[PDB]
């Protein structure tokens, strides 16, 4: 055949190509449910200090989740999204990145920030929208962002970050400084048009990006049977020309290995990689705990002391966060554009005049002045 659109032979018999969904792409695993290494040639043999850091980051995240989830139940904060079941995918992949690799995500990615030593005070400041929040209290809780830790601010519209992450990866390529971009999203978000945009552009424009899809079988109430009919998201990668793998999201080492190799090859080859990590909506923390014990790297006394200390650190941050004032209400007007248009300043002055007269009717008590 002589068609520029595809490289292929002729066939003289009519045969439709059938999807293989019943036996899909297999799920890569490094350690079993008892924390045992299954195949020694795949063991990354991470040193004890780093593995303890993976474990403490996961558990600290889990401690923070418990407390802020309760805070939400009481209306102390307006909203919360937990990380339960996603601690290993995020901590394990973050550990495989270079500290300056740029991260785009959404609602399940706090563990990346935790691994990058984001202060508990700042997670809280964002949820409370208090004066310490660098986001100036403008977004809903858990909409975290950190310029110093290369974690691009979350936004509620699903999948919009995917083609943006590809653009940042293209710019990184041009800048030539050995950086990857990683982009996290759920299996629900992968149904958006923007996912098809980002996957395709990353391949045709040859971008050093890792797409990290978390597939936990549900998008709110919708099971994956109503979300897609192919073999999950991993089976989509090859149709875009993207190298693809599926991993056990309860296995921090499998996540680490796959992300480390994707990062190495994405940066060297300027091509996208897709990792689909399977999780539940047999936990990553338990599994790593079993592993630590086998190595003689943890025990019940250490577990108790850390549980105690992590609760103390989170409660200290929690209490301070609740006691800080909210930002000055003037801050509602800045950063709409870099400068403030004259007409916008007029509106800001109109609010200042209004509060002068009717201020008793506003909760000024709580806001910086």
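Numbering follows the first chain given and starts at 1.
Query raised in the report: Unmodelled deposited residues between residue 73 and residue 74: none, 1 to 3, 4 to 9, or 10 or more?
Result: The entry has no unmodelled residues between residue 73 and residue 74.
Requested in this report: Would you determine, from the values in the PDB entry, which of 201-209 and 171-179 has the greater average C-alpha temperature factor?
Outcome: Mean C-alpha B-factor is greater for 171-179.
Query raised in the report: Which is higher in the entry, the mean Cα B factor of 251-259 or that of 291-299?
Result: The entry gives the higher C-alpha B-factor average to 291-299.
Query raised in the report: Per the coordinate record, which of the options 48, 326, 313, 56 holds the highest CA temperature factor?
Result: Going by the entry's C-alpha B-factors, 313 comes out highest.
**Report entry** Selection from 318, 333, 337, 28 [criterion: highest C-alpha temperature factor in the record]
**Finding:** In the PDB entry, the greatest C-alpha B-factor among 318, 333, 337, 28 is found at 318.
**Report entry** Third of chain Cα B-factors occupied by residue 52
**Finding:** It falls in the bottom third of the chain.
Query raised in the report: Within this chain, which third does the Cα B-factor at residue 112 fall in: lowest, middle or highest?
Result: It belongs to the lowest third of the chain when residues are ordered by C-alpha B-factor.
Query raised in the report: Lowest, middle or highest third of the chain for the C-alpha temperature factor of residue 158?
Result: Within its chain, residue 158 is a lowest-third residue by C-alpha B-factor, going by the deposited values.
Requested in this report: Select lowest, middle or highest to describe the third in which the CA B-factor of residue 100 falls within its chain in this entry.
Outcome: Highest third.
Requested in this report: Comparing against every modelled residue in the chain, figure out the third that the C-alpha B-factor of residue 119 lands in (lowest, middle or highest).
Outcome: Middle third of the chain for residue 119's C-alpha B-factor.
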